[PDB]
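K.L.:
Structure in structure tokens, see below.
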Amino acid sequence: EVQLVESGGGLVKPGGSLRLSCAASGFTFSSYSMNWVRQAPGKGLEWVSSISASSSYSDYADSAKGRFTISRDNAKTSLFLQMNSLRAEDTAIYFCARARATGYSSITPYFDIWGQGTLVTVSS
Amino acid sequence: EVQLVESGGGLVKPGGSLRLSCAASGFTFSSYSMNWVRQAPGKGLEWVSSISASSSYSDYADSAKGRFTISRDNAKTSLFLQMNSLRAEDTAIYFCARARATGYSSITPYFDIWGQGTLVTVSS
Amino acid sequence: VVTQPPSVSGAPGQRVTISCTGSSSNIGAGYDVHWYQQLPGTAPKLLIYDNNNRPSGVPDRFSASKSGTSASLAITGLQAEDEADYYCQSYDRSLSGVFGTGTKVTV
Amino acid sequence: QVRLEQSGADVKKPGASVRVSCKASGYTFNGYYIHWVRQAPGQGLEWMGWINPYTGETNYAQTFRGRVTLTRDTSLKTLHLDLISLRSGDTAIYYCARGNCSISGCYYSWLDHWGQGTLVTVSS
Amino acid sequence: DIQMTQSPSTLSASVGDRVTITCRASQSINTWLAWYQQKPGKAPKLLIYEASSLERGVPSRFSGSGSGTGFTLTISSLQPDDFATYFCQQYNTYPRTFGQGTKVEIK
Amino acid sequence: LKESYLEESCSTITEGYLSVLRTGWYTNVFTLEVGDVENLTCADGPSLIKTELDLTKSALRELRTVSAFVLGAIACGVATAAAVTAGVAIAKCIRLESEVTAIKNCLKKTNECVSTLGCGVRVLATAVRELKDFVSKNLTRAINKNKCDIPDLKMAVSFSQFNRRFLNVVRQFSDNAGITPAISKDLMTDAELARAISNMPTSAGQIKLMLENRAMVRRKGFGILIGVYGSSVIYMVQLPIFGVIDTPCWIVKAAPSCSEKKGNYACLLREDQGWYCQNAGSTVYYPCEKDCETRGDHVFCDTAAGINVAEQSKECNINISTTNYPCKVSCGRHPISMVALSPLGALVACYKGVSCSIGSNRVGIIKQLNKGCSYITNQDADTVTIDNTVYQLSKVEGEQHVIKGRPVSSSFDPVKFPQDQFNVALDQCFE
Amino acid sequence: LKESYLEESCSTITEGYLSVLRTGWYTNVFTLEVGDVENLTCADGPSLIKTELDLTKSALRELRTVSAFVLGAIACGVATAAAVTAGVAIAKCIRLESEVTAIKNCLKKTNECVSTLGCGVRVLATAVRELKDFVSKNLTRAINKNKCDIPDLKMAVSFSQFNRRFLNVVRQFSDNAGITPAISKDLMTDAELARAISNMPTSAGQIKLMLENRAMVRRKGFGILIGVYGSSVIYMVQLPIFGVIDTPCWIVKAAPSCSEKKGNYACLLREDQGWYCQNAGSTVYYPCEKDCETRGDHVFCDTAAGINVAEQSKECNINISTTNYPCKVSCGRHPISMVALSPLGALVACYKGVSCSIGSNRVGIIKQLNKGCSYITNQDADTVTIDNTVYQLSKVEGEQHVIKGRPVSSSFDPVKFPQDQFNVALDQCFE
Amino acid sequence: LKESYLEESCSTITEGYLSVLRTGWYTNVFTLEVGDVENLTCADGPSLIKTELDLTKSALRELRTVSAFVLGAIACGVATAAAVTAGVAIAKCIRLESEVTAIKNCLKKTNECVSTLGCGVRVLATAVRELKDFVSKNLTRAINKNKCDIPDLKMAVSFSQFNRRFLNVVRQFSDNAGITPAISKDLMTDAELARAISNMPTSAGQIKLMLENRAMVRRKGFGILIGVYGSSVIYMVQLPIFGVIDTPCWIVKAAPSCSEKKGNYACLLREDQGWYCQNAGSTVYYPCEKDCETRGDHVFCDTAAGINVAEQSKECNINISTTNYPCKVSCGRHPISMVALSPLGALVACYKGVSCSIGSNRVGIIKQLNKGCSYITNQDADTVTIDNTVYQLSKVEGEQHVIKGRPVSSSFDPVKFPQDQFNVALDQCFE
Ligand SMILES: *[C@@H]1O[C@H](CO)[C@@H](O[C@@H]2O[C@H](CO)[C@@H](O)[C@H](O)[C@H]2NC(C)=O)[C@H](O)[C@H]1NC(C)=O
Ligand SMILES: *[C@@H]1O[C@H](CO)[C@@H](O[C@@H]2O[C@H](CO)[C@@H](O)[C@H](O)[C@H]2NC(C)=O)[C@H](O)[C@H]1NC(C)=O
Ligand SMILES: *[C@@H]1O[C@H](CO)[C@@H](O[C@@H]2O[C@H](CO)[C@@H](O)[C@H](O)[C@H]2NC(C)=O)[C@H](O)[C@H]1NC(C)=O
Ligand SMILES: *[C@@H]1O[C@H](CO)[C@@H](O[C@@H]2O[C@H](CO)[C@@H](O)[C@H](O)[C@H]2NC(C)=O)[C@H](O)[C@H]1NC(C)=O
């Protein structure tokens, strides 16, 4: 089975720092763009950040920009998100998702394979 | 043997109408332009009409124009000439002749295979 | 911000339509609209991978469309397995990837 | 003037099929869409679909797809609506209408000119 | 699917009076709202195409107004010619959807 | 148009095209007259006239320096050689000093002449005279006492207008070594091509055709530079004669038919693709991709690019399983998934490991295709998707037919060795 | 960049390229407005304006007449067909009178508009208006009482400036039958292409790359003429959407690998040369040289020009001798000595009777090469000499590696018959 | 010229050609000075100077952004890679700031310089200065107080003349992305090319040759853009050094030789067609169909496009039936009737069902040809007719010879299987 599996999420205090790691398996990871999506409890999906297939491009939400850092290892097939200066508003389940685009009419990626999600709780 | 065989010639009163029909055989009829040539008794050959390979083009002599109508069926390999408004001057043998051109110097068709000729008499 | 109705409901076998609405920077900028489904506590499942297009494992009773600044998803033959959240997604020329506010289908 | 001469009435059994017609005139036929729309007596107008007369491309409403099929003859400048497996609920007036376009583009299009609505009766 | 809603369902009126007719969408259809006049037994006739516009041939006493969700058609001084059914039509989406109609009737 | 899908060999034949096949060449010998520009000189130094006059003179002197199986390659090499050899053969005839004198003396009293060369070929001849008239009647009057920084600025602007044609003919022949690939508007104005078309020794059927398809006429022709002669430049324009017209033509396109047995693929691909026509009861194949050009039903080809093929080759379109004709194929263990776009549809080959789908811009995915060859008619869908690459189908309508039959790659076993073969006859692939 | 020499099969794989693959098209419908030039006339005869006006009118009327296995030929043919078929589909959506009216009416209020066409495609629309403004506001005021030999000579010079764009668009569409193979500056200014790129539903990652590589954007696109509609010409420019980006790509180059058996040569050449990329969990091969243009690490390809190939085809690079995948080769008794220049070095084949050397301009001859294949990394020498033909090596630096292994041509015996074979699988060449 | 028809294999060898083979490159680093056009600005609004100045500035800004077996394919690719790799090596060496300073500083005192670059190559350098002189000495004096509606209209016309060259260099490098395929007149005037040829470090033989064949020089060479450096653009032109001259060269052409066995055809075609030369005690084959160009007896080729072929390969012309050398053929059951036009005649293959004739314009049909291959010397007829397609023969004259012998296709039996084969050695076709 093609699987994404998040790890490294947990409990941190405001101002805290944490590093999520999502292991990719079953697919040619070097071929795909990879995204982090978060869900605040009882709320909707927020896009967090994106990294391109060979790491040459990355983008973040305005909530994450400057604070977070997305990176990948294509040999260990693992996606990483460093989070710095975490806040209570960052309490969410974070999903890694494989990003794919048809590219015929426009370039907007759909997310086809989604990980299990890791919870992150930010509270004093 | 390659053969053209006219039919439908006969006696007509002036103002009458007749439909000549030349069966083509032994050649790939759809590949060739086809013509009608007529010979008044004791006179020379008068060109009557031409039809292109797929009927997309047709031309008539000034005596035939409007009065006559050339047509072809490529599946029954048959060439036809509707003649309306026949006149004494239309008394002639009518030959169907396969038209052919080497368009190197010019496009003027020679007539290579000629039918037997069918005789049309127009008299009161 | 792409916007959706908070909840919709229908009897089994009815047709429910989820609206998705946007602006000149996302759906109106020409960015296509994708749709996602999420059963409680599950990861989201992709239901419509582009405008209109369904991936495998999405029955023909799901349907979607895009129309200028707005998009829609219609679940025909609504069934108990459909009682999930649904999210539209597009891209915003300034905000990058934008999800809608999400809709709970209630059966 | 722009005129859409529609077919007169007809009557059909449930489960039968009907082919409505609309002769276009007074406009450059290929250049403007034709919409077919429906009015069940006692109900509001209902959109069947549209046909592009140049390409013959069509759109059908979700409620008629598979039952309806639109068509045109570009030589007769004539448009047709074919509707299959009629029901008592298809007792309605059917209208032919020429589309015209917003400066936003012809996706945003209204119905300038309409035909005399063909009433069709579906009954035992 | 844009349900259009139209009011009043009929409008008793007299010659010379200022008839005004309202149509409300269920989404911002911008100005993409035509108006049609139907006399009984006749094909409809386009009066207004963009909600403020006016078809080339039609009497200047007809005047459309409004943008977004709500729209109106006004007749500045009604004439005995004008008693008819009227429809709004949105054209922001497919399917094209029409108001249920209103009949302007002689008081 | 009519298209038959040939399920026996994963190929389509689209019929109903009307031939326009180039049988010969009509020559217009242009004389373009520059005049005594090299006898004019400017003393004033800085001048707009001097800049234009020096450019005019330079163009004239540089032009004085200028002077002239895998059947696809073989057919188009032959066609290229035939065209230039025919054109040069006429050019050689016009080169004679007595002949260019004859042409020049004819055009001395008229802008147009017909000449019969000593070779017996008769050619049209056309003068271009506007620049000589300018040089002689106006500029030689303006340049008095070799003064050229004159205040009559209209002269310099006019001069840059009249010489523009001459500079472009020079540029085109200079760049193309005197044999231009197509007839520029500078070589032959539309006002001159319409006149040439009228003068051609051709029927009014071709006249209507050639005036409507003027761009196809202009692109099938070419120019040859003859030379420079006494401040005049001589060149010829070669125009196509379309002496075979309206005969049947059809295009074959094919995609790989593959089948699996013992878990391993056997594939065949037809190699006899491209255009066919009938000429004078012969069937003729046009294997070069660069020759035959299409406009609606009319397909325009060089006859020199044609290879004569037996009429029985049509059996490869109806009975390729059983015909004794050597139907040319490539075969092997090479299941290439691909889309062969065709006039009325698409040949969609999709095989193990590759996903294949069809869809519409307003409906979504209409169908998922089976492994094998699917002929998707262009009414079935707007698009085909392979590997997530999206292919858009043609809008053109027409009859689509399917000649059903078990694919040959399934009906016969692959030859055990050598299993992969290139452009062989089909009996050599399958046991 | 990283290059591995593959001694087992005399081939190199250069890795480390970043994909920029054309997934789709974006349309800018240009309206160019000429105005009532055909309603103007000149009575004066000789005139600069008349010469310019008559040229402008001729260009407008001629434009009214214009209207639109060996995997390399297969894929690049398919890509050529796919591109024009996609563009003509949009053109046919635009062509409708109602839609060109909608475009034209939008561009009355503004120089730029977005139109959602009735077929659902969303296109930019742009007005080119400068010529109609000149024709109406100035030239029509200047040509009073049909006089045209006016002393306001600035009018005539200006006229030849404003119409220049129009004349070039006409010329380009005339020469190219309405499908111009690259987007001229006359079709679309940089000020318009930058605006179109800014107004195109793509991520800023593509936006930055497209503005940096505007020439690659400009050449991967093309134009189609829609037609002339009174005083205006409608044409569309197609811009590339690069929807697959930053994925891994590599180039294989190979040279003849030969060995001497009974004193006689056995040879093989790898036929699977050219560009490869990964797209969405699949590997795609780009078998023809006319597509994958490359700048720096970025390799730019048409996705329609790709052939999907199994991921296991990488085993024809890593240990081609052991893999059961059918690695495509040609083999035979044909020892061609040659230099396959590669990004980070050169594959040099030299065989009996041919002398092979490497040298530096300052050192002289660095070494004389053994018979066989040698990968000369582009730091080992400045030049390779064969037969006294001197080949220059690339200056560009990178990692170079050697995957050592006994050549297949040596380690396996050639098949007794048929020994010469073309584009066959390797198990068919060697026993 | 001298042509031998080789009846043993339906091929001709035409001899007597004199080599002119490109061995190296001579560089001219042009500096083109545009000047302080970017400091100039127009306040007046509508102006001819403003339109020309804005066009000049825009061309400068866009140029600132621009920066740079089937042996036919393998040879053409190797030659293409070799040329650009050679030229870019010089470009990399010129591109250093210290060197462009050295070039620019040398060209202050003079319009011409020779620079020995640090890479040890010496290059010519040439200043194009007329536009800077105009911009500085006149236009800057005209545009006082940023006024640009200057009544001295001569300024605007002059400006359009002086900048024309700059705009064309920009256009050619913009379209080609910095590597132009031929040396335009805008890149290099005839006066500059003649000056460069004079300076070229070559013998007076090549000097006379290169001055007479300036177009062949100009077409074999190419340009590379170095970049833009403030008010100036640097580009290099590459001129061909013809270091092998006057050596023997010959062309082989062939047509399908077929024979009827059990009523079935056996055919062979020689595939070693094209140009050959002797270089320095080696014979070299030029399979690249685009390279070798002929003028008179002189055949002009890139040495990088050559493939070294054993001297014994001449035995495929002398005794192909008995030579042990692997003469490359294709063979099969494929009787393609065709005309192979050759310098001094034509090979005319005609086979069952195809009629084949020769004629003259005045005689008519001279003869009807027998089935088989006929060599028709270009003195035997004006034309060859196949299927009523008329092929016209050359008029050039020279010795024609026939090396008689029974065709191989008749004298040897075809191999029972695989009978159809491509690019195989002849011992593999015939048992
Ligand atoms: C070339 O010379 C002719 C003849 O001298 C000029 O033609 C005259 O032009 C004026 C208008 O400027 C007319 O009034 C005369 O009637 C014309 N005469 C003839 C005989 O045509 C012409 O202007 C000169 N310049 C150009 C560019 O043609
Ligand atoms: C189709 O609708 C357009 C509007 O989208 C109509 O265009 C108007 O036409 C009148 C008369 O020419 C002008 O006064 C208006 O200014 C036009 N409107 C706009 C927005 O430009 C058009 O008349 C309708 N019919 C046709 C056949 O085009
Ligand atoms: C073209 O015509 C316009 C209009 O006459 C000229 O420019 C304008 O002229 C009016 C007076 O007629 C001024 O009020 C405007 O301010 C002018 N506009 C500008 C931008 O200066 C213009 O000079 C004429 N010529 C050209 C080449 O455009
Ligand atoms: C550019 O400037 C030079 C110098 O001012 C001008 O050269 C003069 O041109 C006139 C003729 O118009 C001669 O009589 C003078 O002798 C020239 N002087 C020099 C120093 O050469 C020149 O005209 C200006 N324009 C152009 C286009 O060069």
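Chains as they are written, first to last, in the authors' numbering: chain J, 1 to 124; chain I, 1 to 124; chain K, 3 to 109; chain A, 1 to 52, 52A, 53 to 82, 82A to 82C, 83 to 100, 100A to 100G, 101 to 113; chain B, 1 to 107; chain F, 19 to 86, 103 to 465; chain C, 19 to 86, 103 to 465; chain G, 19 to 86, 103 to 465.
Cβ atoms here follow ideal geometry from the backbone N, Cα and C, with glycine treated the same way.
Go ahead and label residue 402 of chain F buried or exposed: buried means 16 or more other beta carbons lie within 10 angstroms of its beta carbon, across all protein chains shown.
P.N.:
It counts as exposed.
K.L.:
By Cβ distance below 6 Å, which residues in the same chain neighbour residue 35 of chain C in space, the five residues on each side in sequence not counted?
P.N.:
Excluding positions up to five away in sequence, the list reads 283, 331 and 333.
K.L.:
By the DSSP assignment, the alpha helix (DSSP H) with residue 192 of chain C in it spans what residues?
P.N.:
Per DSSP, residue 192 of chain C belongs to the alpha helix (DSSP H) from 187-196.
K.L.:
Where DSSP assigns a beta bridge to residue 100A of chain A, which residues make up the other side?
P.N.:
Its beta-bridge partners are A:98.
K.L.:
Taking the straight line between their C-alpha atoms, what separation do you get for residue 260 of chain F and residue 250 of chain F?
P.N.:
So the alpha carbons of these two residues sit roughly 24 Å apart.
K.L.:
Which whole-angstrom value is the C-beta distance of residue 23 of chain B and residue 99 of chain B, which I expect to be below 8 Å?
P.N.:
Confirmed, about 5 Å.
K.L.:
For residue 62 of chain A, does the count of other Cβ atoms within 10 angstroms reach 16, so buried, or fall short, so exposed?
P.N.:
Looking at its Cβ environment, which holds fewer than 16 other Cβ atoms inside 10 Å, residue 62 of chain A is exposed.
K.L.:
Give me the Cα-Cα distance between residue 214 of chain C and residue 324 of chain C, rounded to the nearest whole angstrom.
P.N.:
Spanning the two alpha carbons is a distance of roughly 17 Å.
K.L.:
Sort G:456, G:114 and G:58 by Cα distance to residue 303 of chain G and report the nearest one.
P.N.:
When each option's Cα is compared against that of residue 303 of chain G, the closest is G:456.
K.L.:
Would you verify that the beta carbon of residue 126 of chain C is, or is not, closer than 7 Å to some beta carbon of chain F?
P.N.:
So yes, residue 126 of chain C belongs to the interface.
K.L.:
Below 6 Å, is the gap between the Cβ of residue 172 of chain F and the nearest heavy atom of ligand 1?
P.N.:
Under cutoff, so the answer is yes.
K.L.:
Taking 6 Å as the limit between beta carbons, can you name the residues of its chain near residue 82 of chain I, skipping five residues before and five after?
P.N.:
Here the set comprises 19 and 69.
K.L.:
Counting only C-beta atoms, is residue 39 of chain F closer than 7 Å to chain G at any point?
P.N.:
Chain G contact via Cβ: absent.
K.L.:
Tell me whether residue 116 of chain G is buried or exposed, calling it buried when 16 or more other Cβ atoms sit within 10 Å of its Cβ.
P.N.:
Residue 116 of chain G is buried by the Cβ-count criterion.
K.L.:
Report yes if the C-beta of residue 8 of chain K is less than 6 Å from at least one heavy atom of ligand 3; otherwise report no.
P.N.:
Checking every heavy atom of ligand 3 against the Cβ of residue 8 of chain K, none is found closer than 6 Å.
K.L.:
Which stretch, first to last residue, makes up the beta strand (DSSP E) that contains residue 272 of chain C?
P.N.:
Residues 266-275.
K.L.:
May I ask whether a heavy atom of ligand 4 can be found less than 6 Å away from the beta carbon of residue 64 of chain F?
P.N.:
Yes; taking the cut-off as 6 Å, the Cβ of residue 64 of chain F has a heavy atom of ligand 4 nearer than that.
K.L.:
Is any heavy atom in ligand 4 found nearer than 6 Å to the beta carbon of residue 218 of chain G?
P.N.:
False, no ligand heavy atom lies under 6 Å from that Cβ.
K.L.:
Rounding to the nearest angstrom, what Cα-Cα distance links residue 201 of chain F and residue 169 of chain F in this structure?
P.N.:
So the alpha carbons of these two residues sit roughly 15 Å apart.
K.L.:
By alpha-carbon positions, which one of C:286, C:19 and C:66 ends up nearest to residue 351 of chain C?
P.N.:
The option with the nearest alpha carbon to residue 351 of chain C is C:286.
K.L.:
Out of curiosity, what's the CA-to-CA distance linking residue 42 of chain I and residue 111 of chain I?
P.N.:
Distance between the alpha carbons of residue 42 of chain I and residue 111 of chain I: 21 Å.
K.L.:
Anything in chain K within Cβ reach of residue 352 of chain F, meaning under 7 Å, just list it in chain order.
P.N.:
By Cβ distance, chain K contributes nothing, its closest Cβ being about 39 Å from residue 352 of chain F, past 7 Å.
K.L.:
Residue range of the beta strand (DSSP E) that residue 24 of chain B falls in?
P.N.:
Residue 24 of chain B -> beta strand (DSSP E) spans 19-24.
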